[PDB]
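*Asks:* Fold the following and give me the result.
(one chain, ligands or ions: 1)
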Amino acid sequence: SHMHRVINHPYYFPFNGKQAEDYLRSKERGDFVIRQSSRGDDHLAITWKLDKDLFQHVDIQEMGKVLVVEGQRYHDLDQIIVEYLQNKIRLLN
Ligand code: NA
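*Replies:* Numbering: from 1, shown residues only. Dropping the coordinates below:
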């Protein structure tokens, strides 16, 4: 699946939610990280910065096999990375 390969992705970090928020505090708006999630063995979480000191934690669920994020179905992790980078680009001002 995608679970055993995500640990080597450039945007994957061995952080829990709080550590992710601390990491993103000094980053630009829209920056994010992918991390493990207690929602289950086939889940991951995306933590991204909405604005100064404001973060969002988003569930990624795996279910061959696709990744679901907020109703949207993705076939590869990179597609998700592309989505959040695109979101980050649009927020440039
Ligand atoms: Na897990």
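*Asks:* Return the residues in contact with the spatially most central residue of the chain.
*Replies:* Taking C-alpha atoms, centre = their mean, the centroid of the chain lies closest to residue 46, which sits 2.5 Å from it. Contacts for residue 46 (C-beta atoms under 8 Å, 6 or more residues apart in numbering) come out as 32, 33, 34, 35, 57, 58, 60, 69, 80, 84. Backbone N, C-alpha and C define where each C-beta goes, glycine included.
*Asks:* likewise residue 50?
*Replies:* Contacts for residue 50 (C-beta under 8 Å, 6+ apart) come out as 29, 56.
*Asks:* Could you report the separation of it from residue 13?
*Replies:* 18 Å (C-beta to C-beta, to the nearest Å).
*Asks:* Also residue 54?
*Replies:* Per C-beta to C-beta, residue 54 is found 19 Å from residue 13.
*Asks:* ok, now residue 63?
*Replies:* To residue 13, residue 63 is 24 Å away according to C-beta to C-beta.
*Asks:* Between the two, tell me which one has more neighbours.
*Replies:* residue 13 (18 against 10; other C-beta atoms under 10 Å).
*Asks:* residues in contact with the more buried one?
*Replies:* Here residue 13 is in contact with 19, 20, 23, 33, 34, 35 (C-beta under 8 Å, 6+ apart).
*Asks:* what residues are up against the first one?
*Replies:* What it means is residue 19. Taking C-beta under 8 Å, 6+ apart as the criterion, residue 19 is in contact with residue 13.
*Asks:* so it, which of the three states?
*Replies:* helix (DSSP: H, G, I helix; E, B strand; the rest coil).
*Asks:* surely residue 88 meets residue 28?
*Replies:* Yes: Residue 88 lies in contact with residue 28 (C-beta atoms under 8 Å); the separation is 7.3 Å.
*Asks:* hey, where'd the helices end up in the chain?
*Replies:* Taking DSSP state H as the criterion, the chain carries its helices at 17-24, 77-90.
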